[PDB]
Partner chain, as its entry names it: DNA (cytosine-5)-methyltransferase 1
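Take a look at this single chain, the form solved without the partner chain, given in structure tokens.
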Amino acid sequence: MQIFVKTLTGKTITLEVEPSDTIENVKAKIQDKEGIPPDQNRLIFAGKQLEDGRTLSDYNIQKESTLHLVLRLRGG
């Protein structure tokens, strides 16, 4: 079970996860392959905003899925 994630730089990531992997783990894995702190970053899938406490199956995320990474800023 691997997934893909599109960063705000336009890069594509590839990671090994499981149907019972929490968003907290999946969001840590992305920091290992790209330099992104847990600031100005939030994981999204098909527009469904994701956060910690839940797992891939709760959010109904299947294998070889492509997720998005987004932020919010008022100083620009």
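Residue numbers count along the first chain shown, from 1.
Absent from the display: the form solved in complex with the partner chain. The rest refers to it.
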*in the bound PDB entry, does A28 have a heavy atom within 4.5 Å of the partner chain?*
no
_At 4.5 Å between heavy atoms, is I23 in contact with the partner chain in the bound PDB entry?_
no
*Quick one: name the residues from 42 to 71 with any non-hydrogen atom within 4.5 angstroms of the partner chain in the bound PDB entry.*
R42, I44, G47, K48, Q49, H68, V70, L71
